Structure formats: C-alpha cells, structure tokens
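Engineer: Have a look at this one before I ask anything.
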Amino acid sequence: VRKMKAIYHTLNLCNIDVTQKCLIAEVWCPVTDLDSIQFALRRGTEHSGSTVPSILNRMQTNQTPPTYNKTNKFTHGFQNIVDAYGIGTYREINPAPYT
Amino acid sequence: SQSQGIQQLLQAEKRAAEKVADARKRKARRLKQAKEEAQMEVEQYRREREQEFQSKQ
C-alpha cells in the first residue's frame, strides 16, 4: 500500500497533458545510470499493454542540479556529518573521502 | 529536444481534435441525409402501394 501511495503521489508531482492520455515529466537522474533507467523503462512499458516507446530525452540542463554522492554502508555516515554542515556545490570536491 | 517533442505532440493533438470534430460534423450531415433519403423511400413506398390499390380497384 505504501508503495502504491508513493507512486500516485509521485505522479501527482507532474504535469498531465490535456490533449492526450500521455504524461510528460522532468526528472533528475545520474548520467551514468541513464542506460539503466532506459532498460527499466523498457521493462515497465513492456509490462504495460500499450508498449509506448517511453523515451526519456536530456534537456539543456541549466537549473541548479541536486548534489548526488554515492555512499555505501561505510561511507554514508561520514557523508551525513558533512551534509549536516551543508550540501556541497554541484561538482564540488567531496570532503568525505578525506573525512 | 523536449520543447520540440512538445511542439510535435501539440501538432498531433491539433490534428486529432480536427479529425474528431470533423467526424462529428459528418455525423450530423449523414443524419440529415438519412432523413432526406428515408422520406424519398417512403414516397416510393407510397407510389407502389397506390399502384397496388389501383390494381385491386
């Protein structure tokens, strides 16, 4: 139930087109993981009976992107004590590996 | 390319709307034609039954 709720809430945070039963949304995603996203989209739409191409196309990124630092079971804690002071500038040098 | 995708989808939606409204206009026209033809067929029936009456008479 929680998952369904999250899904619908996510879809609310979108712009539903008026003239077609199709949805456009902008998303942030890792660049390196874009292929993984497209494969996931392929599987998702394949489950859907309409098999819409569902093509995600990059836009001239020009708003401030979020700062994504990949962490694991070990490094997550160190990243958090850094984040506690503030979130680094996009493409800032991450101090955590030295912390 | 999304702004172009947007423009393409808007053009497709424009055409779709035009095609459906046109179908509705056609529906109205066909309905009127249906009534006109029906009345002509009714007259044909009237003529034939009048001829049958004359034969019987």
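Read-outs: derived from the displayed coordinates by stated rules, not from any lab. Counting neighbours? That spans all protein chains shown, and the Cβs are built from the backbone with ideal geometry, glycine included.
Engineer: Report, by chain and number, residues whose modeled amide H sits under 5 Å from the one on A:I24, excluding near sequence neighbours (fewer than 5 apart, same chain).
Structural biologist: HN-HN under 5 Å from A:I24: A:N15, A:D17.
Engineer: Let me ask something else about it. Among residues other than B:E18 whose Cβ falls under 14 Å from its Cβ, what is the net charge (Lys/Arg +1, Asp/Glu -1)?
Structural biologist: +4
Engineer: In chain A, which longest range has no chymotrypsin sites (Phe, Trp or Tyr not before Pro) that are both DSSP loop (not H, G, I, E or B) and surrounded by at most 13 other Cβ atoms within 10 Å?
Structural biologist: Segment A:29-67 is the longest.
Engineer: Give the Debye-formula value of log10 I(q)/I(0) at each listed q (0.10, 0.13, 0.14, 0.15 Å⁻¹), with one equal scatterer per alpha carbon of the protein assembly as shown, two decimals each.
Structural biologist: -0.68, -0.93, -1.01, -1.09
Engineer: Using a Förster distance of 35 Å, how high is the FRET efficiency between B:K27 and A:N57, based on the Cβ-Cβ distance and rounded to 0.05?
Structural biologist: The computed FRET efficiency comes out at 0.35.
Engineer: Which longest run of chain A has no exposed loop site in it, a site being trypsin sites (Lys or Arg not before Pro) in a DSSP loop with at most 15 other beta carbons within 10 Å, and the site itself not part of the run?
Structural biologist: A:22-57
Engineer: What is the spin-label model distance, in nm, from B:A38 to A:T19 if the labels are put 7 Å beyond Cα along the C-beta direction?
Structural biologist: Once both label points are built, they end up 3.7 nm from each other.
Engineer: So how many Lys-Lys pairs in the protein assembly as shown land under 28 Å Cα to Cα, not counting same-chain pairs under 8 apart?
Structural biologist: Close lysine pairs found across the protein assembly as shown: 18.
Engineer: For chain B, build the charge dipole from Cβ charges (+1 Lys, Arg; -1 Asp, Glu) around the Cα centre, then report which of B:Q4, B:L31, B:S55 sits farthest towards its positive end.
Structural biologist: The one lying farthest along the dipole's positive direction is B:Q4.
Engineer: Kirkwood Rh, chain B, all Cα pairs: how many Å?
Structural biologist: On the way: mean 1/r = 0.0651 Å⁻¹.
Hydrodynamic radius (Kirkwood, Cα only) of chain B equals 15.4 Å.
Engineer: If you don't mind, there's one more thing I want to ask. Is there a quick way to get the dipole size of chain B? I mean about its Cα centre, with the Cβ of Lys and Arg at +1 and of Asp and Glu at -1; what is the value in debye to the nearest 20?
Structural biologist: 260 debye
Engineer: Obtain the nm distance between the two label points defined at A:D83 and A:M4 by a simple spin-label model: each point lies 7 Å from its Cα along the Cα-to-C-beta direction.
Structural biologist: The two pseudo-label positions are separated by 3.0 nm.
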